[PDB]
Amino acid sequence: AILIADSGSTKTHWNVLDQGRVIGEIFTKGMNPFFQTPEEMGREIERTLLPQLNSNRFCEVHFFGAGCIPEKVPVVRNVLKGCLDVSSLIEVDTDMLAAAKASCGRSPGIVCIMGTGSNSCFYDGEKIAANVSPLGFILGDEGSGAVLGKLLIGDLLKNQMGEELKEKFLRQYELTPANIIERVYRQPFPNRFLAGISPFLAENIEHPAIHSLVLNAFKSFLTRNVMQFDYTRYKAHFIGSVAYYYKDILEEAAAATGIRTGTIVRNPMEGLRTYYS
């Protein structure tokens, strides 16, 4: 009856709710209209949800995803229309609203996302009131795996952390200098590439230089994004993968810059299903 989604830049999880229960859970690759034309978006969409759904018809469909700026929301909604059957109108918004509906539900509060990309907001109870548009992983997205990987590759190959870690990194993923620039500048979804090579940071987090890179990235995010809200009486609900597995470094950078924190979960799906019933 209802279909729920949350499209990250690298992956997408889909949920099917009927009479308030979960009758199906789906995974797909990431969809961002700034990395995917509607053909790629849609032909992928053909290959995705439809095969694992006995019935392709619904009454309500709610799709939240990265790159879903208002200028691109109708584009993505028409992509989903040419593949689904819903009795009412399709809602299409950003992943921030999914995170907010998941964390706070019908109540207000601050919500931030740290995964493939980064983002920060204040939320009313039914809609996002304010938002720092993150500009992406080239002009912002500070503190997220794609940016972490961007920083790490840059620092390593500028000989800023020595040869040992540089060689362990380039050997662990069997990459030459050419692979990076080809993968980042000429190959689809370079943010996936960066966010995927970024867990090397977690692997060698005991090194001060790597721990400091992660900490200073978290610092810059909080400074340039979360500080723009009333962070002195609001418990920032953090959602995302980077924020979950780097919990300690995030709490480090938060106590440094005075940013407050509340509940920190990795995926909004279980909080989203609670909201819809």
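Residues carry their position along the shown sequence, with the first being 1.
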{"property": "Entry-level comparison of average CA B-factors, 19 to 27 and 6 to 14, reporting the higher stretch", "result": "19 to 27"}
{"property": "154 to 162 versus 141 to 149 - which carries the larger mean C-alpha B factor in the record", "result": "154 to 162"}
{"property": "Top Cα B factor in the deposited entry, candidates 231, 221, 63, 246", "result": "231"}
{"property": "Top residue by Cα temperature factor, when 242, 50, 69, 214 are compared in the entry", "result": "50"}
{"property": "Relative C-alpha B-factor of residue 250, binned into the chain's lowest, middle or highest third", "result": "middle"}
{"property": "Lowest, middle or highest third - CA B-factor, residue 129", "result": "highest"}
{"property": "Residue 79 by Cα B-factor - lowest, middle or highest third of the modelled chain", "result": "middle"}
{"property": "Residue 172 - Cα temperature factor, lowest/middle/highest third of chain", "result": "lowest"}
{"property": "Among modelled residues of the same chain, the CA temperature factor third for residue 259", "result": "highest"}
